[PDB]
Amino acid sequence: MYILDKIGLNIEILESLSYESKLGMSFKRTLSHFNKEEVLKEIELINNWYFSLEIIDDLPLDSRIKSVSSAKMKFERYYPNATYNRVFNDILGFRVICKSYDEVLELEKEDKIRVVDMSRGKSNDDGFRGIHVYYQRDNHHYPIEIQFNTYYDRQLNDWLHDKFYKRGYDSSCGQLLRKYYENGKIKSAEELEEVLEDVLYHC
């Protein structure tokens, strides 16, 4: 309720932005039960639909429509044992700054919303902090993602994206950088480089 009012969304708006699949298949099933060429043809139509909705630019929050290229790579990567609704869950993806994570956790109460809480790094810690929320109308509509981060977590997530492009993805190295950031040791991209040079020297 509160977090949705802040970002100008409601269940009716999320329902109207939901794309109904015409594959005749349940999205609870694994990728092996789906035809790659038929899936990619449908993703091309969803991407085309989202590139024509003016309503998206009037909402008081940011969003991105993911490409058919990224969907083709995700199919090849998670085929054949990943669940369809877990793979193609972010074609329409909103991005918001929340005041505190508490207001985002209230979304769990919504029957058609799934919350993936990564605000504490309890599971598979790579330094990134935030909460991802998925609205799904039913088992044959594509899910809609909302990504929430505080300003504090968003800052480190942005520096970590650049360090992971330059140096390559490293789970333990990102986890350790988040400890230095929480300790006041990383206040710029240059400081992260300095801290990294000291971490690499002490090994």
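Numbering starts at 1 and follows the sequence shown.
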Of the two stretches 74 to 82 and 92 to 100, which shows the higher Cα B-factor on average in the entry? 74 to 82
Once you work out the mean C-alpha B-factor for both 12 to 20 and 190 to 198 from the entry, which is higher? 190 to 198
Top Cα B factor in the deposited entry, candidates 64, 141, 167, 178: 167
Going by the CA temperature factor in the entry, name the top one among 157, 147, 172, 150. 172
Chain third (lowest, middle, highest) by recorded CA B-factor, residue given as residue 120: middle
By the recorded C-alpha temperature factor, relative to the other modelled residues in its chain, which third is residue 37 in? highest
Using the B-factors in the PDB entry, rank residue 68's C-alpha atom against the chain and give the third, lowest, middle or highest. highest
Please place residue 3 in the lowest, middle or highest third of its chain by C-alpha B factor as given in the entry. middle
Classify residue 55 as lowest, middle or highest third according to the C-alpha B-factor given in the PDB entry, relative to its own chain. highest
